[PDB]
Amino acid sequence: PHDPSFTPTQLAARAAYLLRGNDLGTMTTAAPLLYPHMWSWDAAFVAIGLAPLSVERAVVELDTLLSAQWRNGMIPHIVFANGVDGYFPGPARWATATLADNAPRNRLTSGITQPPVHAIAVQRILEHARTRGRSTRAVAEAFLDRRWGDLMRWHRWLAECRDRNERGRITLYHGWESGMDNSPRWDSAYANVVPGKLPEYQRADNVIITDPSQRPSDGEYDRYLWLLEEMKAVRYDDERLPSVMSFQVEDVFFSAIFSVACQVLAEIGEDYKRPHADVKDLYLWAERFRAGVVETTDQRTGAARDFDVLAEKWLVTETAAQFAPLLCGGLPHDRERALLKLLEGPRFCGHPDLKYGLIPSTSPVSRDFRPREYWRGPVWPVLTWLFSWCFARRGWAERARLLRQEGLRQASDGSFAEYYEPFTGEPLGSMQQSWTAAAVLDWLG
């Protein structure tokens, strides 16, 4: 009672206990009840969390996700578990099995995508496997043999179909594809989404998380579900989405993640003697999306802007996505120093009221800030992990260390919360969130 925190070994043990408890067999749910299916960028982080425990099972997680990849290369953001209820929109609402020519056979999936963090998970699996000896290296190398082509098709689909004009930024047709559902980034684009006759429905998410301050509103869900109707009406056809979708944004954070993932996968390709044409393409996309991210940036602070394709307007908001260029590099030296000063100062990690020195999803000084409300304020362990790993890859060893130290202190309550209140540290969202346990497992070493 005097201190409810766990020791590092207790916390590592509890994190692994959680991850195995969320394992259905060949896929791990993103949470026990709120997200009782496989999500795409959660599955990448689950593979990272499993890599210290079982390289074999980490590989199985990515194999299961890639078995659900669409014919055109798209990795969908949900792979539904057989016979599992409690989540809306479920398979019947997406109707991809009926409508989508490119949907997989004998997997049920959603019809939209999510960020390409998967190459980062492959790198972590390979790094663990190389420390474990010959039969474990064999498992990881066989996975590359089996799935290199699928990973290439995934990156190629993003580069060719969501960057049709070769601008070096990824277009999204749903805010859910950003992974930051209700981020202030998307409010002005969502204001221009006007539902027609929306088939009636009842939410499931707020039966599980009943505190309305922690989840998006009914009005937001109506817009989320209407965008599904627009996609269904064109049978999820990539060629038709630009003509019909009421939501078309370039997501600069997704773009920077893609730049990093292309560079990571290219290095893997060189190391494991994959086809040279693939490696060349990966390095070309890495630089294209780095340049595309940098082109969005504020001339004074270096902050990255999203772009509303329909309104033809830069989207200026004060969220963690502004720090996209720190992930992929490319800023002039002087502007990157400015951007780091913004990150470390009183609008973000240096805000005086924060319990931990961590990055809030929205700046506490922004008028959009809401300290409990999903992506409008709370501190997300998954983002702490991504920033710390990317910062270490920039060579910023001490910055990465500080994020990991603060992230472990926050996570030491053992709640493995989805997100945390930035001022009080109260755990929010789902407890026992898989990618929060995965962050801890990767950090503790």
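Counting begins at 1, following the sequence as shown.
Please establish whether a third or more of the other compared PDB entries omit coordinates for residue 29. Residue status for residue 29: gap in at least one third of the other entries.
Regarding 87-95 and 152-160, which shows the higher C-alpha temperature factor on average in the entry? The stretch with the larger mean CA B-factor is 87-95.
With respect to the recorded C-alpha B factors, which stretch has the higher mean value, 257-265 or 228-236? According to the PDB entry, the answer is 228-236.
Whose C-alpha has the highest temperature factor in the PDB entry: 347, 118, 128, 147? Highest C-alpha B-factor among the listed options: 347.
Among 122, 74, 138, 293, where is the Cα temperature factor highest, going by the PDB entry? Answer for 122, 74, 138, 293: 138, with the highest C-alpha B-factor.
Could you say whether, by C-alpha temperature factor, residue 430 belongs to the lowest, middle or highest third of its chain? Answer is middle: the recorded C-alpha B-factor places it there.
Quick one: classify residue 133 as lowest, middle or highest third of the chain based on its Cα B-factor. For residue 133, the deposited C-alpha B-factor lands in the highest third.
Would the CA B-factor of residue 250 place it in the lowest, middle or highest third of its chain? CA B-factor rank for residue 250: middle third.
What third of the chain does residue 281 rank in for C-alpha temperature factor, lowest, middle or highest? CA B-factor rank for residue 281: middle third.
Going by what the PDB entry lists, where does residue 180 fall on CA B-factor within its chain: lowest, middle or highest third? Ranked within chain, residue 180 CA B lands in the lowest tercile.
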